[PDB]
Every structure is written in structure tokens, then in C-alpha cells.
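The lines below spell out each chain.
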Amino acid sequence: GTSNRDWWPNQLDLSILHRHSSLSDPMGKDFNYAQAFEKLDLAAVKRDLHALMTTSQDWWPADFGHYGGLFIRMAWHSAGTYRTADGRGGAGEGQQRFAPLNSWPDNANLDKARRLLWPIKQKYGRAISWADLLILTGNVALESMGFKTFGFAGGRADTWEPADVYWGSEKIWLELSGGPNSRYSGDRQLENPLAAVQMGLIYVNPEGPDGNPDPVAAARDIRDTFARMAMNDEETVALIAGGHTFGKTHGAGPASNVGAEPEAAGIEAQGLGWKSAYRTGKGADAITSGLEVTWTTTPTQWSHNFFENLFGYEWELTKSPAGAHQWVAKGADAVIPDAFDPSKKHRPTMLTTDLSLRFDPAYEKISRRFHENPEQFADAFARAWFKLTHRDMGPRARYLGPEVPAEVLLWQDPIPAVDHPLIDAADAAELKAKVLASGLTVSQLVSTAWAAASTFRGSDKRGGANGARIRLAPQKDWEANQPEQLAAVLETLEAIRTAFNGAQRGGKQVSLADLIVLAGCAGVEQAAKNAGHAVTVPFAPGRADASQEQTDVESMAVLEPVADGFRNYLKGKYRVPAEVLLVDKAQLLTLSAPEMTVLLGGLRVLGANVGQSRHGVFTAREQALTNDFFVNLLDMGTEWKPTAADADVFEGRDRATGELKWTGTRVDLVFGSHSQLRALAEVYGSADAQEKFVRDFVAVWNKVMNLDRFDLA
Amino acid sequence: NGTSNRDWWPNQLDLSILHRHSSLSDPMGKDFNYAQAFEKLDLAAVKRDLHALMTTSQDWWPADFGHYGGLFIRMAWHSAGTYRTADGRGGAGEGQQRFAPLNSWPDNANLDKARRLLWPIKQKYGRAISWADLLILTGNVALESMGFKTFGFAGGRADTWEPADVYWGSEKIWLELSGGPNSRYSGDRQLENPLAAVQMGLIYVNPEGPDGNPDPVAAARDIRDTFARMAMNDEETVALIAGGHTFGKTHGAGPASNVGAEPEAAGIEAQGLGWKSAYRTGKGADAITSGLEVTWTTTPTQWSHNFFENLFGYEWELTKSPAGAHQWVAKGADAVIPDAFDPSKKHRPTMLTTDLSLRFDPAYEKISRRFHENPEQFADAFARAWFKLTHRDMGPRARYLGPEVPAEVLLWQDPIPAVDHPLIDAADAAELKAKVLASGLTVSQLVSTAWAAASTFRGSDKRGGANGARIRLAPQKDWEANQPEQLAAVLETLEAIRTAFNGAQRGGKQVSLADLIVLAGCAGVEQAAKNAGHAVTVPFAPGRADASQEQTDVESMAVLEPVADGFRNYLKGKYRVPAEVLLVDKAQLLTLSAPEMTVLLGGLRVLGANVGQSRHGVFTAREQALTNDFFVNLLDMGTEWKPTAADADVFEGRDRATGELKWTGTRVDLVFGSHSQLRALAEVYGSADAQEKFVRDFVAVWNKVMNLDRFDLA
Ligand code: HEM
Ligand code: HEM
Ligand code: NA
Ligand code: NA
């Protein structure tokens, strides 16, 4: 059947904002995963997982009699889709069980691994999510094989539909770079927000870049992709060598023997795929990647044999039985066990990408340190494995269960504990009046609180106003945050704070994080009063203030808003139209289309635009909270045309006289163009809508202010 | 553009249709009730404002003849005109003309203008009048302004907030003529169900003639077919076409190549409008809409009997408009038709091919002549047909709101008689459930009968459902999916219970068969829970009434026959669309989400609801017990599944280790173990902590289905 996307393939896509509705969720509206998980007998689950490890199923027999390498790969791929650019991907939603990830070529045969876990999932039901179970299974694999993990936290609630993630524009799986939808340009520059070299890969190609078996060039791709997943060189080496201490690859025959991926497979395959016609199609005959490498002499036991082999041999370029490029140790004896025939041994083998860890000079230094000092290796891998598998989990307040590591890690964006009584409702009223008596304006207050709170992204639960990181580097100097204006606001609020905190008894104090948000709340109430309407904006205390030393400035970079349509801001010129970036921002903020619409129309009239731009400020009562954005946008008495200077800026003129009334950007005018968004704008621009507009604006503002408040969850 | 799952797997089933229209996309609060808003609207004030608008010409789209009435009648007829009786989809009832694709169909060109003219009134009255109501009300006021007395009007069409998911065809080219790679025609001009238009982007037919051939006789065939697929017979069809074309004009002042992008394709600066034209002033006298240039009557802004005087009073010659389209001009006629803008110009009478159909098709000619000779008959038929057109998708009369609702009950409304007696109470319900369970009717029989009765409902046009007890009447009683012999036996037993209970009452209390069928079904579900060891309560609301055969139009009922009902593992024949797609379509008509579809189907399988007692998907050894066995067995990896060599749509589930046959299933059964989203939902209900959740969710969805048509309780 032909669909709107067929007819109008470039039209904006709002359905990404309405995913994850109560309609698609099988759990009741009142289900709380954390409450379920907190009563799970986690130790029982781990005993069942430990037993599974060596309980082979004949439909996918265990290599070496142990599923631990398969499950480590499964967990690494669950986490391994994460990109720092947008926070999207990662293990936190269990999306490996849905399309497309369940059918990526790099996820081949992980369908088998997840099917092996259905009995346990069935047994414990809603008390352990698939998302949590994939990671826990990887940890138990590690522990069953003699590796001491760093810990584990539960709390990843399951999702029920595919996420809407941009994974690239190629139309062919695994397409090599330089096609019509190439994700590379320039001198091998990978397009943001992507963090993989080919469509359907986790990070890099195991043969080498676009299949060229050069370990030195492959290392460049490794470094780039892993940095786009928030991993540095030490962590990268630790992870790759750690993982490839275990198990094996599968390439026993030609790939043409492997059939349809799960989403393409017949109904009878019951959710599995990659059925293979090569011999038995499984076990000793399995084909996954097409490579046939076994790294260590004890694939089912932690060891330091990976680096012993890597540095103890020179390596020769060869082909697997499927024709893939891979490496074999020169002159070596047959010392590696076969996965099924106890009478057969094999030479040491390596991937191109493994040899990267010796042949890239910076990696070699780390690898040599880890080979000489395997205890350093083990501790770096434990820490990296916990970061890999937790990087999208959000604040430590979300971590559940008895195995949470106590050590606070800089990458967690930690927030200090609160050790003092909080302000009450009368205190909050006192502080709102003091803020308004200071002379800070509605625009100042709104804009500051907006800046602080709107760094949140629901993709990885980073950002938000908790921490008061807006006062620290690098947030205080981001262009969108108007650094000179911001510093003046913060100085005034810090003086209010000092004065209130100095008058208290009992140890009650207010943090700057809370006062920044409360102050914005006062600005919204004041704006409403300027419009002739008394409203109270909700406020929940309990945010704390992080220090500079507790803030990783490099990792915070990815949270800079380079496009924030809510402030009519674009840092530079992008290929993607500004309205598309607005809906992307809205999705990261967890807003629906109605919420996005009200929020933006209110922010325009409040003075939230960066630089005090008049674009979209369709009011003569700026700093009053009215629906004037919508009534003026929708007025057919005004005609709009792009300016000669800038096609992305439009003038609104009176249709009869030509007199200039307004200017606006694409982000402003989309609300009067897109048929769905216009329908929303009409509700808030109707003559009965003043009360509704204010109430819904207050509700969405409070939602934004609370996005990172998992202490209140 | 970014690659999507639909790009990778373009045939994989689409569940998002079941989760449209969530609370997320709706700007109104979850407790907004449009009916309550509407009932406090000052409808008379609205109508005065509409009357004023008719002659308030805007310079960006100047009014023909100084009166927007013809544009607004066309706007309202196109709002209603997308309706198809096959699935009940389309029509005016959701205001979908303001969203894609309908807002940009070629046949809806310049109706963007019409809607924009109505924004000030919409703004002024806000939530108290929906767009969907306002489009039809405007059409009514246009007719009244121009001297035609309407049959009435009902409000209550709530607005919707995103595009509906309707199959409009498979063509990938607007307006494609027939016989292409995605043709909606095969055979001897057989239009594919559920479609009710000849070309992609048309309302019904091509005004030049079939595939552009200007033959009024063959055009008539397309008209009859498409109109019938919109629930309209010959009398109604002639009344509507001639009634409509009593007003206004078409627009074709220059070549079509002058007309730019439709609204969904236009630039942001167009602010939601489209079809900007570079021909002269682009508007008014110079307007280009269809490409045809026809004005039917000597008074295009006043109700008249001139359409049929012209149609029969002249012989007609084939000509071309200024844009090159085929149309007809009256041979020898004087210039008697006014110009829309220049008082000094007059024009000869002109007609479309499809208008000439009403004279050259022999059946239509007889009706046309009758209307020409008896203009009061014409007026009354058009009034009634205009009301039907604009209300056919509104559902039971209980939904109709406001002071202008016609009192007359019309057959097409599938009327249900008023209840005029006390209803059964809770003690009575318990007494009747006990009687039913003591009769020896089985769980299977009770569940199946109530399912059959209630699951005819479809939310597209709000037809069907268990109210009325139409399952006992023709044609429902004879539908294959309803198991006519079994059904007769059940109905005879329930009628005997009914008669015995009703005969013992005082005070006028009685129970309808419609309620008893539903109550008996509830008792079946209760019994099945008991058989599983579980206490359970199934909610029941009395108040259904029994309709008569005479209140039940058998031909209109035919389109409600389930030819595919995955919930009973039924498919009447072989179809091109795979059975699991048909299941999701049926769930959409039933208003079910994916979790509800899932739980419902797995429970109905174990209760014995399958047609013919088929064992397909009956994955239990305790049939007639309400358990989650369907899910636990479907998900057991100890079973391997393969299609049979006899029928590739039937699968055998064998023990993986022995080969022993354990079960058989269809595509509708197995999709729950294959589709990645459906399987996720099956896993919840197949978990060891899920038995009570399954029962409680099943009871809820069952009750939901039993009450779908209960707009008396709304
Ligand atoms: C440059 C990065 C990496 C590359 C190119 C890569 C590549 C691959 C490939 C091609 C396979 C074989 C799949 C198959 O045929 O079955 C595989 C297996 C595996 N990988 Fe990696 N890998 C990378 C990093 C990792 C990381 C970070 C971990 C975990 C910490 C990991 C753990 C594993 C394990 C445990 C296996 C064995 C699976 C089994 O025994 O079934 N790898 N790797
Ligand atoms: C066989 C069925 C029909 C066909 C092929 C048809 C075709 C058309 C076409 C091509 C136009 C010209 C559009 C333009 O260029 O502006 C039009 C105009 C119009 N039609 Fe029909 N029509 C049909 C039935 C209807 C019905 C059922 C009604 C309403 C009861 C209706 C009412 C109108 C009116 C009032 C106009 C004039 C619009 C104006 O003045 O702007 N027509 N029709
Ligand atoms: Na994420
Ligand atoms: Na409909």
C-alpha cells in the first residue's frame, strides 16, 4: 500500500515523538520495573545462568562445551551500538531483540544466544528485564570463566518497539565506503552521529578497513569508532584483548550457505535466522562472521594468553574457509583446542583488528604493559566492561541491586549526596520573591533555567540541571548559553543563595542547582502574572552541586546544543533542515508533538531566544506568557516569503499593505506549514485557549526541569 | 534519507497502525470529552458566522459569483466522499481532509483554500466545534444560504490529530490509469476491494470518463460501481450528482502545467496551502483546479431546477477546456450561463462526461426524467442523500448531537429500538448465567456465539456489534464464519431461557436476546476460569435491545461479513494479502492495541472459539479452561515448526528430539512466535508469573469487545 512517506519522502517525521505509548506496552500503567527487580532473587538468577553456561542445546551446540564466549559477545554487542554524539544505542533498552539490531549482520547468531536465555527469562518473568538479563548473562559468563567483574546494576526497563535511531543512509547491508550514501567524506571522516564503519557493524570491519587487511589502518578505524563510543585507548585495548581472551569466531564454510536474517526469515523459523546449509549448519560447522579464529589455548578460562600469543608469534596473512582475510602464527605448533574434536588442535590465529593492538604504536605500548602486567590488564578490563555495559544507564540513582560498585566514576557525571534538610514550600516562595526582587528579568530567568535543564537527553539519561554544571566548564562557555549574560545571572543567584543559606538554622541550605531551577520557575510565574494570570509552577528540591573536579570536561562536549530550536539557535550550517533538528531535540527531551509545540510557542514569547533574536517573537508583550505566537503565526492576514539574504529566514508582511510585521526561521514557520504541527498550533491559537496554553506550558516546563530527577523516581 | 526498518523488510507486518491515535499525539487532555463541548456550543451563532462568510470574499482566493457556497459544498462532499463500505474507512467523521494524504490528493485541489477560509470561525469557537463537524456544517450552511432546505445535521465528529492508516491503493503515481503494475482493476473492470475510487487521488470517478475516455455510458458504470461502494444506490446517486452540480462551477482557465506543488510538497512559506498557479493571477477568474471549465446552471448561487432542464433540453457536443480536458457544450445554445467575475460575459451551457451519464445510462435516465418532471421528488431525495452522505460513518443515532438531528429513523442507520422497560439487575444476571450453564451449552459454544455477535463492530464507521441481536437475523445467521448450524442450536437454547425468564417477571422487566447472548458469553468465560481453578468476574452491562429483520438491511449488512477472522482462525478463501496482515487489520477495526490483540487471540484459542473446532493454534491439553497455555506452548523451543507439503499456510510443530507431532498452526497462530514485537508480547504472557495477569487482561479485552457499540453508555 502506498504511504505518506512514499509520496512525500522528505516531509518531517513526527511519529518518533509518539513511540513508546501506553498502547504498545503490555504492562499495566502502574508497573514499576524497579519495584519488581528489587525483589528478584538475583543470586538465584545467577546460579541458573552459571548452570546454563555448560548445558548445551543440540539446536546450537556449545563451543568447547561452554556458551560463555557466545554470551560475552552477546552482551558486548548489546552495549556496543552506543554513540556518544547523541547517546543513542547501547544496552539500556534491550533493543537487540527488535529490528533492525536483531538482524544486523554483526548480530548473526546472537538470536541463538537470546533463545538460550528464554527459559530463565520465563522463569523470573517481569522481575528481570531482557535488557538487564543480556548484561547479567555476560557478567556470569565472565565470572564462570574465572574473571572478577567490577559489579553490576539492574534497572534497564524493557521496551516494546523498535527505537527510531539513525544508523546511516546506506541501502545495502555492509556497504563499503564511497557509495552514493557514503558515511565517510574528506580524509576518512565518519559522519556524526554514526559510530561504525559500515551499515550493520558494531564498530569496525574485522578484516580491516573496507576489507583491506592492514592492521595499522584498521587501528585508525578502531580508535575513531571506540572514541565515538566514549572509550579511550587504554579502555579500547583492554576491551578487545579482554573479550578475545574467550571463545572463537565461526567461518567453517562459505557464507553463501547462510540464509535470511531473522526479520526476513520464514514464519516457521520462529524468530531465528541465518539458517545455514553448510553441513550440520551449527556447532563445528557454524558460520557467523565467516572468520575462523580461536585466540587462546584455554578459550573457556580467563588467562593472559591473548597477549602471550600476540607478541610471542609473527603473523601470516591467510584465508578462512569462507574466504575472509585472517592471520595465523608462523612456525607455531598446534596448541589451540578444537571446539568439538578433542583429538584436534590448531595453530594460533588472529584478526587484522587484533594485530592492530601490536602494530599501532600507541596501542603497542598499552598492550605491552598489559602483557608484562596482567593484573593491570584484568583491572582495566573489569572497569571498561562495567563502563561499556552501564554507559547509557544514567545517573547512579537508577542503579539497582546488591552488586552496584561503590566507587564513583568520573564518567558517571556524579552528583554529590545531599546531607542536609531541604527547603520547604514557604522557603521556595521566599526565594522566588527574592529572585524577582533582584531585578533579574523573566527572559534572564527562563533562559538560564532552560539552558541548565535542556541538556538532558533520554537516549543515555545524561544531562539536566542536577549538578549545577552550567556554572562549570565547559557549559558556562557554550555559545548557546550566552556566556556573559549567564555569568551575570549566576552571580546574582549565588548572592541570593549565600544570603539565604547564611540565615538558616538546622543545617538547611539550598543548592545552586535547585535555585537555578526555582528561579526559572519564578520567571514563568512572573510571566504569567504579566499576562494577567496567577499560577504556581511546581518545584521539587533536592538537586546538588557538582564540582569541577567531579566533571569530565571532554565527555561533556557531546552535550553541547549545537542546534536548539527552542532557543531558535543553530551554531552553524547543517545539511539536515533546522525543523528536523528541532524534532530530534524534542525526542531527546522526551517530548511529544503537543509538548514540543506548547513549549516552543511559550519560550518565544518569554525571551528565550539566544541573542535576543526577534525571529519567531510574534508578540507585542514579550515576557508575558500568552498564546500570541500561535494566534499571530496562524493569522492569514500575514504573508510570508524567504529573504534574499538568507533563504532560511522569512519575512511576515501584511498581505494588504506590505508592511513588515515579523521575521521567523524554519523552526518558527514549520508550525504553520506541517499539517500535523499546524493542527496543534490551531488548538493553542484558538480564542478559548488561554487557560489551556498556560496550564500546558507550566506542565511541560516542569517536566523539562525534572528530566534527570531519578532521585524522585 | 535515513534507512528504516520498512526499507530493509518491506513486507514485515506493521503494528504501528494499532498504536495510532495515542494520548501522546493528542493535544487535548485525556479526559476531554468533545460531546460535552459541542453540546454547549452556540450552534446558531456558528451558523450566522458561516452565513456571513459565504459572501465575504478574500483576495487571496476570490469567491466565484461573489459566493463561496459551491466551493464549500464540494469541500463537504469531498470530506464525506472518501468513504468505503467495504471496511467503513474514509468519510467525514474524523476530519481527515486536513491531514496527509487527503489534504493533497489531486481531487482535493484548492480545498486547502476552503479550509483556510474557515480558520477564523474555528478559532473563534475553539474546541467546542471540531474541524470534522465544521466541514459538514459549512456545507449545510452553503446549501441553506443558496436556498436549499436541508434534512438536518448532527454534531459529534471528534477531531483526530494524525493521519489515519488507510489503504488507498498500491499505485506509486498520482492518478495512474488502469492496467499498470499496481492496477486496482482486473478482469472486466473489477475494482479491488476495499477501494471505492477509479484512480489514486480521486474521490469516486474520473470526470472525463473511464481512464480519460469521454464515454458517458461507460462512465456511468464506474459511477454506479464506486457509488455503490460508498453505500449509495441509483436514486441516491443521481440525486447527489445533479443536486451538487446545481451549484457553482469547475476551474480550468489555463494549462495544468501552471499549477505547482500540492500542500505536502510545497515550501514552508506556503504555510500549509498548495497548488499555487503561475496562470495569470492564479486565482478567481484565472483559477485552475480540475482542469475542466464547466458551469452547470444559469443561477450557480441559487438552488434551481436548471440542471435537468439543461441536461435534457440540449444535445451535447464533445469539446475541450482551456487546459485540454474533455467536456461537453450545448449545441446551438445561446450564452445564458453567467460568468463568475465579468458581468459582461455569458457562456453556453456545459456538462461533464459524468453528468451526461445521468441521461445516457438507461437506468439513470429514468430517474433523471422523473426528477426533471417532479422537482419536489428531486429536492427531497437530494436532501435525504446529502444527510446520508455526510452521516454514513457516524454510527448509531446515539452518537448524534445537537438541536438539528432529524427525528426520522433511517434504515441505513441500522437502528436499534428504544428500551422501554426495567433492565435486569445483578441478581437477575446471576440467575441467568446459572440457567445458561445448567442448559448444557459448553464454554466453546457460549464464547464462540458471543464473539460472533460482538466482533462485527468496526470503529471506522461504528457499524456492527452485539447490540440489536442481529446475529439471529439474515444475513448474519447464515455467515460461514458464524457456524450457522451450531449457532442455531445455541440461539434456540438461549431463546428458550429468555422466554422462561421473561414470562416469570413482573413490572415489565425483561431481558433482550442481545443482552442474553453477551451474558451467556460472559458465563462461558467465567466457567472457563473455574475450569482452570480460578475465581473470576466478568463485567456485564445490560441495555442492548433487539432489532427486527425489517430494521436490518440485508445488503448493507453484507459488508460486515468476516471473511478473515484470525481470532477464530478463519479464512473464507485464499487472498493475496497474508493472513497475519488481515489479523492486524481486524484488530484495528476492533480498536485493539497489540497487547490486546495478543491476549485476546491466545485466550480465544484455548476456549474453543475456532471455526469448525479446528485444532490449529489450540496449544493446550485443557481446552475450555482459561489459561495462558497458548503462549507457554507456542514459545517452547522444544518444538520445531515446518510448513506442510499439502498446504504451505499450515504448519506442524514437532518435538525437536523425537519428531513426534505435537501441534498444528496457521500463519495467524505462528506469527506470535515470529514477529519480533509480537513475540515480545507473547513472552510476557507466557512467563511463569503471568497466569493471573493473562486472566485479568483477557477479561478486560473481552469486556471491551462486548461493549464496543455501547454508545448508550458513552
Ligand atoms: C575492534 C573491535 C572488535 C572486533 C573487530 C571484533 C570482532 C569479532 C568477530 C568478527 C567475532 C566472530 C563472530 C563469529 O564469527 O562468531 C568476534 C567474537 C567475539 N568477540 Fe569480538 N571484536 C571486537 C571487540 C570485542 C569486544 C570489545 C569484546 C568484549 C569485551 C568482544 C568479545 C568477543 C567474544 C567473547 C567473541 C567470541 C564469541 C564466541 O565464542 O561465540 N569482541 N569478535
Ligand atoms: C460522479 C460524481 C462526480 C464527479 C465526477 C464530480 C466532478 C467534479 C469536478 C471535476 C468538479 C470541479 C472541481 C474544480 O475544478 O473546481 C466538481 C465541482 C463540484 N461538485 Fe462535483 N462531481 C461529482 C459528484 C458531486 C457530488 C455528489 C456533489 C455534492 C452533492 C458535488 C458537488 C460539487 C460542487 C458544488 C462543485 C462546484 C465547486 C465550486 O463551485 O467551486 N459533485 N465536481
Ligand atoms: Na541510548
Ligand atoms: Na471511516
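- In terms of determination method and resolution, the entry is listed under X-ray crystallography at 1.6000 Å.

**Comments concerning the UniProt feature "binding site: heme b" in chain B**
Residues and elements named next belong to chain B.
Move 1: Per the UniProt record, "binding site: heme b" is annotated on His245.
Move 2: Structurally, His245 can be placed in the loop between α9 (234-244) and α10 (306-313).
Move 3: In this structure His245 comes out as partly exposed when scored by relative accessible area, which is 21%.
Move 4: What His245 contacts, discounting residues up to four positions off in sequence, is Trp296, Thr297, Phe307, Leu352 and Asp355.

**Here we look at the site of ligand 2**
Residue and element names in this part refer to chain B.
Move 1: Around ligand 2 lies a shell of 24 residues, among which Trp77, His245, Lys249, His251 and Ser290 are the nearest.
Move 2: Within the backbone of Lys249, a nitrogen or oxygen atom sits 3.0 Å from an oxygen atom of ligand 2.
Move 3: Between ligand 2 and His251, the relevant distance is 2.7 Å, taken from an oxygen atom to a side-chain nitrogen or oxygen of the residue.
Move 4: Counting residues per element, the ones that place at least two in the shell around ligand 2 are α4 (69-80), α9 and α13 (375-391).
Move 5: Per-element accounting of the shell around ligand 2 gives the leading share, five residues, to α4.
Move 6: Partitioned by chemical class, the residues of the shell around ligand 2 number 13 nonpolar, nine polar and two charged.
Move 7: Domain assignment of the residues forming the shell around ligand 2 places at least three in each of domain 1 (1-168 + 374-408) and domain 2 (169-373).

**Concerning the coordination of the iron atom of ligand 1**
Where a metal carries four tetrahedral donors, each ideal angle is 109.5 degrees; where it carries six octahedral donors, the ideal angles are 90 or 180 degrees.
Move 1: You will see that the iron atom of ligand 1 has only one donor from the protein, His244(A) (NE2), lying 2.1 Å away.
Move 2: Tracing the backbone shows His244(A) in the loop between α9 (233-243) and α10 (305-312).

**Quick look at the packing of aromatic side chains**
Residues and elements named next belong to chain A.
Move 1: Counted by the stated rule, this structure contains 70 aromatic pairs over all chains.
Move 2: Here the aromatic rings of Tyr313 and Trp315 are separated by 6.0 Å at their centres, their planes lie at 75 degrees, and the arrangement is edge-to-face.
Move 3: Each member of the aromatic cluster is reached from another via a ring pair, and the members are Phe147, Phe246, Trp302, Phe306, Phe307, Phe311, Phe370, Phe377, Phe381 and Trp385.
Move 4: Looking at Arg398, its charged tip hangs above the ring of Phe710, at a distance of 5.4 Å from the centre.

**Thoughts on the environment of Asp41(A)**
Residue and element names in this part refer to chain A.
Move 1: Tracing the backbone shows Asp41 in the loop between α2 (33-38) and α3 (42-53).
Move 2: Residue class for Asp41 comes out partly exposed when judged on its relative accessible area of 43%.
Move 3: For the pair formed by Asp41 and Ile128, sequence separation is 87 residues and the distance between their alpha carbons is 9.7 Å.

**Some details on the packing of α10(A) against helix α11 (residues 352-359) of chain A**
Residues and elements named next belong to chain A.
Move 1: Viewed as axis vectors pointing N to C, α10 and α11 meet at an angle of 75 degrees, and their least axial separation amounts to 10 Å. By the criterion of interaxial angle, the relationship of α10 to α11 is roughly perpendicular. Along its contact with α10, which presents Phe306, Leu310 and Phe311, the element α11 presents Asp354, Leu355, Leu357 and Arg358.
Move 2: Across the contact of α10 with α11, the residue classes tally to five nonpolar, no polar and two charged.

**So, the nonpolar core**
Move 1: Counting residues in hydrophobic clusters, the biggest one holds 196 residues, and the most contacted among them are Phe71(A), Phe567(B), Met597(B), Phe698(B) and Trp702(B).
Move 2: Sorting elements by how many residues they give to this core places helix α17 (residues 513-531) of chain B first, with 12 residues.
Move 3: With residues up to four places along the chain from it excluded, the contact list for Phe567(B) reads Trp451(B), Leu583(B), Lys586(B), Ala587(B), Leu590(B), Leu592(B), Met597(B), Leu600(B), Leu601(B), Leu604(B) and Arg605(B).
Move 4: By size, the runner-up hydrophobic cluster in this structure holds 190 residues, among which are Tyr684(A), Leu41(B), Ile223(B) and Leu401(B).

**As for α10(B)**
Move 1: With six of its eight residues buried, α10(B) lies for the most part within the structure.
Move 2: Buried within α10(B) we find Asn306(B), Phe307(B), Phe308(B), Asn310(B), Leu311(B) and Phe312(B).

**Observations regarding the sheet that holds strand β10 (residues 639-643) of chain B**
All names here are of chain B.
Move 1: Strand order in this open sheet of three strands is β10-β11-β12, and the pairing throughout is antiparallel. Sheet topology places β10 and β12 (661-666) at the edges, where each strand pairs with a single neighbour. Adjacent strand axes in the sheet meet at a mean angle of 25 degrees when their direction is disregarded.
Move 2: Looking at chain direction, β10 and strand β11 (residues 650-655) are connected through five bridges and run antiparallel. Note that in β11 the partner of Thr639 across the bridge is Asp655.

**Considerations on the coordination of the sodium ion (ligand 4)**
Move 1: At this site the sodium ion (ligand 4) is bound by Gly88(B) (O), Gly90(B) (O) and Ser460(B) (O), with donor distances of 2.4 to 2.7 Å.
Move 2: Taking the relative accessible area as the measure of exposure, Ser460(B) reaches 15% and is therefore buried.

**Looking at the UniProt feature "binding site: heme b" in chain A**
All names here are of chain A.
Move 1: Within this numbering scheme, the UniProt entry marks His244 as carrying the feature "binding site: heme b".
Move 2: The partly exposed category is assigned to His244, whose relative accessible area is 21%.
Move 3: The contact partners of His244, leaving out residues within four places of it in the chain, are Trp295, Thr296, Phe306, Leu351 and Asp354.

**Some words on the packing of α9(B) against α13(B)**
Axis angle and axis distance: for two packed helices, these are the angle between their axes and the distance between the axes, and together they describe the pair.
All names here are of chain B.
Move 1: The interhelical angle for the contact between α9 and α13, taken along N-to-C directions, is 95 degrees, at an axis separation of 8 Å. Put simply, α9 runs roughly perpendicular to α13. On α13, the residues that touch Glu235, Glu236, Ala239, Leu240, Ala242, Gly243 and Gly244 of α9 are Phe378, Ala381, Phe382, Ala385, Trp386, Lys388 and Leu389.
Move 2: Tallied by class, residues from the contact of α9 with α13 come to nine nonpolar, two polar and three charged.

**Quick notes on the sheet that holds strand β3 (residues 315-319) of chain A**
Residues and elements named next belong to chain A.
Move 1: Spatially, β3-β4-β7 is the arrangement adopted by the three strands of the open sheet, whose pairing is antiparallel. Edge positions in the sheet fall to β3 and β7 (349-350), since each has one partner strand and no second.
Move 2: Bridge analysis of strand β4 (residues 325-329) against β7 gives two bridges, and the strand direction is antiparallel. Each residue of the ladder has a partner; that of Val328, found in β7, is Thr349.

**Digging into the interface of chain B and chain A**
Frequently, the measure chosen for interface size is the accessible area removed from exposure when the parts meet.
Move 1: With 85 residues of chain B at the interface, the matching set in chain A holds 84 residues.
Move 2: Going through the elements one at a time, α1 (5-8), α6 (119-125), α21 (629-634), β10, α22 (667-670), α23 (676-685) and α24 (691-706) of chain B are the ones with two or more residues in the side of chain B that touches chain A.
Move 3: Residue contributions to the side of chain B that touches chain A peak at eight residues, all from α23(B).
Move 4: Split into classes, the residues belonging to the side of chain B that touches chain A amount to 37 nonpolar, 25 polar and 23 charged.

**Topic: the side chain of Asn568(A)**
Residue and element names in this part refer to chain A.
Move 1: Considering the arrangement of structural elements, one finds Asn568 in the loop between β8 (563-564) and β9 (569-570).
Move 2: Polar contacts involving the side chain of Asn568 include one to the side chain of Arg604, which spans 3.4 Å.
Move 3: Residues within four places of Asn568 in sequence aside, it is in contact with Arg604, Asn609, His615, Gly616, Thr665, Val667 and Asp668.

**Some thoughts on the UniProt feature "active site" in chain B**
Residue and element names in this part refer to chain B.
Move 1: UniProt records the feature "active site" for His78 in the present numbering.
Move 2: Tracing the sequence through the fold places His78 in helix α4.
Move 3: On the basis of relative accessible area, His78 is assigned to the buried category, the value being 7%.
Move 4: What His78 contacts, discounting residues up to four positions off in sequence, is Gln97, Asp107, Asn108, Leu111 and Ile203.

**Quick look at the domain arrangement of chain B**
Residues and elements named next belong to chain B.
Move 1: Each domain of chain B was delimited in the assignment, giving domain 1 (1-168 + 374-408), domain 2 (169-373), domain 3 (409-565 + 690-714) and domain 4 (566-689).
Move 2: The partner domain 4 presents 38 residues to the 39 residues of domain 3 that form the contact.
Move 3: Around 3400 Å² of area is buried between domain 3 and domain 4 when both sides are counted, 61% of it from carbon and sulfur atoms.
Move 4: Of all residues in domain 3, the largest losses of buried area upon contact with domain 4 belong to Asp565, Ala690 and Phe694, amounting jointly to 21% of the total for that side.
Move 5: Here domain 3 is connected to domain 4 by three salt bridges.
Move 6: One salt bridge in this structure joins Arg568 and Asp565, with 2.8 Å as the shortest N-O distance.
Move 7: Taken together, the connections running from domain 3 to domain 4 amount to 25 residue pairs in polar contact.

Cut-offs and rules
Residues numbered from 1 in each chain as written, not as in the entry; some residues may be left out. Chains lettered and ligands numbered in written order. Heavy atoms only, no water. Residues with missing side-chain atoms left out of burial classes, pairs and counts. UniProt positions renumbered as here; feature names shortened; annotations may be inferred. Helix = DSSP H or I, 4+ residues; strand = E, 2+ residues; numbered from the N terminus. Buried < 20%, exposed > 50% of the residue type's maximum accessible area, 1.4 Å probe, protein only. Contact = heavy atoms within 4.5 Å. Near = heavy atom within 4 Å. Polar contact = N/O pair within 3.5 Å; in protein donor to acceptor, adjacent residues only side chain to side chain. Nonpolar A, V, L, I, M, F, W, Y, C, P; charged D, E, K, R; others polar. Domains from an automatic or database assignment. Donors = N, O, S within 2.8 Å, 3.2 Å for Na, K, Ca; no water. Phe/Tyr/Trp six-rings, centres within 6.5 Å; stacked < 30°, edge-to-face > 60°. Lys NZ or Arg CZ within 6 Å of the ring centre and 35° of its normal. Axes fitted to C-alpha atoms, helices over the stretch in contact; angles between N-to-C directions. Parallel < 35°, antiparallel > 145°, perpendicular 65-115°, else oblique. Core = buried A, V, L, I, M, F, W, Y, C linked by side-chain atoms within 4.5 Å. Pairing = 2+ DSSP bridges. Buried area = accessible area lost by both parts, 1.4 Å probe. Salt bridge = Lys/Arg side-chain N within 4 Å of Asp/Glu carboxyl O.

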